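The structure file target_15.txt is reproduced below (compact mmCIF, C-alpha atoms).
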# COMPACT_ATOMS: atom_id res chain seq x y z
CA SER I 639 0.00 0.00 0.00
CA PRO I 640 1.90 3.09 -1.18
CA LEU I 641 2.99 4.90 1.95
CA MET I 642 1.67 8.23 0.69
CA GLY I 643 -1.75 6.61 0.63
CA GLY I 644 -3.90 5.13 -2.09
CA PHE I 645 -4.04 1.78 -3.82
CA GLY I 646 -1.16 -0.53 -4.63
CA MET I 647 -1.55 -2.09 -8.05
CA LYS I 648 0.79 -4.43 -9.88
CA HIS I 649 -0.66 -3.07 -13.15
CA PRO I 650 -1.70 0.56 -12.61
CA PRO I 651 -3.33 2.63 -15.36
CA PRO I 652 -0.70 3.28 -18.00
CA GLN I 653 1.01 6.52 -18.83
CA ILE I 654 -0.30 8.48 -21.81
CA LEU I 655 2.70 10.20 -23.38
CA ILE I 656 1.84 12.88 -25.93
CA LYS I 657 4.28 14.61 -28.30
CA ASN I 658 3.64 16.92 -31.23
CA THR I 659 5.70 15.81 -34.19
CA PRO I 660 8.65 17.89 -35.40
CA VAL I 661 8.16 19.63 -38.72
CA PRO I 662 11.49 20.91 -40.09
CA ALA I 663 11.40 24.52 -41.22
CA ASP I 664 13.27 24.69 -44.50
CA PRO I 665 16.13 22.28 -45.19
CA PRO I 666 18.90 23.47 -47.52
CA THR I 667 18.88 23.06 -51.27
CA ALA I 668 22.17 21.15 -50.96
CA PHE I 669 22.21 17.85 -49.11
CA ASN I 670 23.37 17.75 -45.49
CA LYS I 671 23.44 14.67 -43.28
CA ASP I 672 22.94 16.28 -39.86
CA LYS I 673 19.90 15.96 -37.60
CA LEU I 674 18.16 19.02 -39.08
CA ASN I 675 18.04 20.99 -35.84
CA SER I 676 15.88 23.84 -37.19
CA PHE I 677 12.23 23.13 -36.40
CA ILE I 678 9.34 25.59 -36.37
CA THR I 679 7.96 26.37 -32.92
CA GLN I 680 4.47 25.07 -32.25
CA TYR I 681 2.25 23.64 -29.53
CA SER I 682 -1.10 21.91 -29.14
CA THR I 683 -4.47 22.16 -27.43
CA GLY I 684 -7.56 20.04 -26.91
CA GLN I 685 -9.42 18.34 -24.10
CA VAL I 686 -8.76 15.25 -22.00
CA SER I 687 -11.51 13.23 -20.33
CA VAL I 688 -11.00 10.60 -17.63
CA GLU I 689 -14.06 8.59 -16.63
CA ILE I 690 -13.10 6.30 -13.75
CA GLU I 691 -15.93 4.28 -12.21
CA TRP I 692 -15.50 3.61 -8.50
CA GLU I 693 -17.17 0.91 -6.42
CA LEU I 694 -18.58 1.75 -3.00
CA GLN I 695 -19.19 -0.31 0.13
CA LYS I 696 -22.22 1.22 1.82
CA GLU I 697 -22.36 1.40 5.60
CA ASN I 698 -24.86 -0.42 7.80
CA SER I 699 -23.69 0.28 11.34
CA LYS I 700 -26.26 -0.02 14.12
CA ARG I 701 -24.70 2.88 16.00
CA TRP I 702 -27.16 5.05 17.94
CA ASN I 703 -24.99 8.04 18.79
CA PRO I 704 -25.07 10.30 15.69
CA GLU I 705 -22.15 9.67 13.36
CA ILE I 706 -19.43 12.27 12.90
CA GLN I 707 -19.55 13.88 9.46
CA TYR I 708 -17.68 16.42 7.34
CA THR I 709 -19.35 19.81 7.01
CA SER I 710 -18.52 23.33 5.91
CA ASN I 711 -18.86 25.80 8.76
CA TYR I 712 -21.89 28.09 8.64
CA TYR I 713 -20.30 31.45 9.37
CA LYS I 714 -19.99 34.59 7.31
CA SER I 715 -16.62 34.80 5.59
CA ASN I 716 -15.14 36.74 2.69
CA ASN I 717 -15.03 33.70 0.39
CA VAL I 718 -16.92 30.44 0.18
CA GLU I 719 -14.70 27.46 0.91
CA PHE I 720 -13.63 25.61 -2.24
CA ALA I 721 -14.84 28.52 -4.34
CA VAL I 722 -13.05 31.03 -6.52
CA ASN I 723 -11.55 34.25 -5.08
CA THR I 724 -12.33 37.79 -6.41
CA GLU I 725 -9.41 37.36 -8.91
CA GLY I 726 -10.56 33.91 -10.09
CA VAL I 727 -7.98 31.71 -8.31
CA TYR I 728 -9.53 28.50 -6.99
CA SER I 729 -8.53 28.07 -3.36
CA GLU I 730 -8.77 24.85 -1.37
CA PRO I 731 -8.49 25.79 2.31
CA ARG I 732 -7.97 22.46 4.05
CA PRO I 733 -7.09 18.85 3.21
CA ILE I 734 -10.06 16.51 3.43
CA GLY I 735 -9.48 13.06 4.87
CA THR I 736 -11.62 10.06 4.09
CA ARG I 737 -11.98 8.59 7.60
CA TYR I 738 -15.07 10.15 9.14
CA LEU I 739 -17.56 7.34 9.71
CA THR I 740 -16.95 4.97 12.62
CA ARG I 741 -16.77 1.17 12.51
CA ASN I 742 -16.05 -0.91 15.59
CA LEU I 743 -13.00 -3.15 15.58
CA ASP C 219 -53.09 -18.44 21.38
CA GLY C 220 -52.67 -20.24 24.68
CA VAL C 221 -51.04 -19.06 27.88
CA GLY C 222 -47.67 -20.68 27.24
CA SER C 223 -47.00 -19.23 23.80
CA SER C 224 -45.92 -15.69 22.97
CA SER C 225 -48.40 -14.07 20.62
CA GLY C 226 -45.84 -12.00 18.71
CA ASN C 227 -42.12 -11.33 18.48
CA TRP C 228 -40.46 -8.03 19.39
CA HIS C 229 -39.69 -6.21 16.14
CA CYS C 230 -37.80 -2.96 16.52
CA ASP C 231 -35.49 -2.78 13.48
CA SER C 232 -35.41 0.14 11.03
CA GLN C 233 -34.87 -1.06 7.43
CA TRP C 234 -33.58 1.36 4.71
CA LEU C 235 -34.55 -0.27 1.35
CA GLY C 236 -33.83 2.99 -0.55
CA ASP C 237 -36.73 5.45 -1.25
CA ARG C 238 -38.61 3.57 1.60
CA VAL C 239 -37.77 3.60 5.34
CA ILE C 240 -39.74 1.03 7.32
CA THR C 241 -39.38 2.13 10.95
CA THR C 242 -40.76 -0.49 13.30
CA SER C 243 -40.93 0.32 17.00
CA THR C 244 -42.04 -1.54 20.12
CA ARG C 245 -42.50 -0.50 23.74
CA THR C 246 -44.05 -2.15 26.78
CA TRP C 247 -47.31 -0.61 27.95
CA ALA C 248 -48.97 -0.68 31.36
CA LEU C 249 -52.62 0.33 31.55
CA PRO C 250 -54.42 0.88 34.87
CA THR C 251 -58.20 1.05 35.35
CA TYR C 252 -59.05 4.73 35.00
CA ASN C 253 -62.02 6.33 36.75
CA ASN C 254 -63.00 3.00 38.37
CA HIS C 255 -64.73 2.01 35.11
CA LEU C 256 -67.08 5.02 35.12
CA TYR C 257 -67.78 7.99 32.81
CA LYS C 258 -67.46 10.94 35.24
CA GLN C 259 -67.97 14.29 33.42
CA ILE C 260 -65.34 17.03 33.85
CA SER C 261 -65.84 20.79 33.99
CA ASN C 262 -64.03 23.68 35.58
CA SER C 263 -66.97 23.59 38.00
CA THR C 264 -65.51 20.31 39.27
CA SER C 265 -61.82 21.16 38.78
CA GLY C 266 -62.18 24.11 41.16
CA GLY C 267 -63.15 26.82 38.69
CA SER C 268 -61.25 28.67 36.00
CA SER C 269 -61.21 31.93 34.07
CA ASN C 270 -63.73 32.76 31.37
CA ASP C 271 -61.18 31.65 28.78
CA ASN C 272 -60.42 28.26 30.36
CA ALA C 273 -63.97 26.98 30.86
CA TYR C 274 -64.61 23.52 29.44
CA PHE C 275 -67.13 20.70 29.63
CA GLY C 276 -66.17 17.16 28.72
CA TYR C 277 -66.31 13.54 29.76
CA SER C 278 -63.57 11.44 31.34
CA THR C 279 -63.89 8.14 29.53
CA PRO C 280 -62.11 5.22 31.26
CA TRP C 281 -60.44 4.04 28.05
CA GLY C 282 -56.73 4.41 27.43
CA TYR C 283 -55.61 5.26 23.92
CA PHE C 284 -52.23 4.45 22.33
CA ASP C 285 -50.74 7.68 20.87
CA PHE C 286 -47.66 7.58 18.58
CA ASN C 287 -47.80 10.88 16.66
CA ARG C 288 -44.35 12.07 17.68
CA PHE C 289 -41.37 11.58 15.43
CA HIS C 290 -39.08 10.14 18.08
CA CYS C 291 -41.42 7.22 18.74
CA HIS C 292 -40.18 5.65 15.50
CA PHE C 293 -36.92 7.34 14.49
CA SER C 294 -33.86 6.62 16.55
CA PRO C 295 -31.76 9.80 16.54
CA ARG C 296 -29.30 8.11 14.19
CA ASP C 297 -32.13 7.42 11.74
CA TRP C 298 -33.27 10.99 12.12
CA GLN C 299 -29.73 12.06 11.29
CA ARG C 300 -29.73 9.84 8.20
CA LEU C 301 -33.08 11.33 7.20
CA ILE C 302 -32.33 15.03 7.65
CA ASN C 303 -28.74 14.94 6.41
CA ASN C 304 -29.46 13.61 2.91
CA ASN C 305 -33.17 13.75 1.92
CA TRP C 306 -35.45 16.42 0.49
CA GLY C 307 -38.69 15.30 2.10
CA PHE C 308 -40.64 12.37 3.39
CA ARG C 309 -44.17 11.30 4.11
CA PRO C 310 -45.74 8.32 5.87
CA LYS C 311 -47.09 5.70 3.50
CA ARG C 312 -48.54 2.87 5.59
CA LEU C 313 -49.09 1.80 9.18
CA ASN C 314 -49.13 -1.51 11.01
CA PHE C 315 -50.18 -1.70 14.64
CA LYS C 316 -49.66 -5.06 16.31
CA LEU C 317 -50.84 -5.12 19.93
CA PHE C 318 -49.65 -8.44 21.28
CA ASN C 319 -48.64 -10.35 24.39
CA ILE C 320 -51.27 -9.01 26.79
CA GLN C 321 -51.07 -10.18 30.39
CA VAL C 322 -53.72 -9.03 32.87
CA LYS C 323 -52.68 -8.86 36.52
Rewritten as structure tokens:
Amino acid sequence: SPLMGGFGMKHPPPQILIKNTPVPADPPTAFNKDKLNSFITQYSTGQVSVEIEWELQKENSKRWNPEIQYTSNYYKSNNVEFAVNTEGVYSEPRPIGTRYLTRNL
Amino acid sequence: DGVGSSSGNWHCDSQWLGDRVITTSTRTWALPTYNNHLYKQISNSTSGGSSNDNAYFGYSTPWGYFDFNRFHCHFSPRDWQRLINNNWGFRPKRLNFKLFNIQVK
């Protein structure tokens, strides 16, 4: 189990390496055997979509004391948590764990 | 049926099928004999008087009536948490009132 947390897989999802092909600018009229180091500058754009279906294990604890949950505090503040600032920068205030429910040993 | 045979088992679970929440409940009841099996009438004239606003005239029937129109009769506070936290409304759909296991003393 990777010590930073997560899932340990012998065959994780593969890398997706993307490269935009070189297109040489204008090679000489006379032959030359070198690597043709003069390429025209360019880049790319698009979209990338990652649909990754999870499987859940619902909880059925017979606990009577109300569970402890994760909530966002109701109190007036300059910015909503997990919402963009006046300039447009998306700010995440705190790390969110995944251990909130309680299950007896 | 018969003295030595329980006439019904104690159901108290609270199933959560999904879009249906069957909330059984069971408590032990003790019922005395009210009013010595009579129908004495009640008025503020008998209860020592009252203001003009509080005058009333009614009968004190000797019957006891089972009342369960309070939400905490059925919903354990954990169920009430699971029903307010993530739900946009609810309404009763059916009822089932088993009165079993009488013993007169």
Provide as a compact mmCIF listing (two decimals) with C-alpha atoms, keeping the file's coordinate frame the residues of chain C at most 7 Å from chain I, counting all atoms listed in the file.
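Everything below was put into part13.txt:
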# COMPACT_ATOMS: atom_id res chain seq x y z
CA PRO C 295 -31.76 9.80 16.54
CA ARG C 296 -29.30 8.11 14.19
CA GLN C 299 -29.73 12.06 11.29
Margin query: I'd like the contact shell of stretch 645-651 of chain I - 12 Å cut-off, all atoms listed in the file, skipping same-chain residues fewer than 4 positions apart - returned as a VMD selection string.
Written below: chain I and resid 639 to 641 688 690
Notebook entry, point to check: Counting all atoms listed in the file, what is within 9 Å of stretch 221-238 of chain C, bar same-chain residues fewer than 5 positions away, as a count of residues only?
Noted result: 13
Next item on the list: To one decimal in Å, tell me the separation between atom CA of residue I:677 and atom CA of residue I:664.
Entry: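 Separation between atom CA of residue I:677 and atom CA of residue I:664: 8.3 Å.
For residue I:717, the set of protein, DNA and RNA residues having any atom at most 12 Å away, when counting only C-alpha atoms and skipping those fewer than 6 positions along the same chain, is residues 723, 724, 725, 726, 727, 728, 729, 730 and 731 of chain I.
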Notebook entry, point to check: What is the atom CA of residue I:734 to atom CA of residue I:708 distance in Å?
Noted result: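 Atom-to-atom, atom CA of residue I:734 and atom CA of residue I:708 are spaced 8.6 Å apart.
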Padding 6 Å on each side, edges along x, y and z: where is the centre of the box around the listed atoms of stretch 686-700 of chain I, and how long are its edges in Å to one decimal? Output it as AutoDock Vina command-line options.
--center_x -17.5 --center_y 7.4 --center_z -3.9 --size_x 29.5 --size_y 27.7 --size_z 48.1
Check: To one decimal place, how far is atom CA of residue C:281 from atom CA of residue C:313 in Å?
Finding: 22.1 Å
Next item on the list: Counting all atoms listed in the file, write as number ranges by chain all protein and nucleic acid residues lying at most 8 Å from (-62.7, 21.4, 29.2) in the file's frame.
Entry: C: 260-262, 272-276
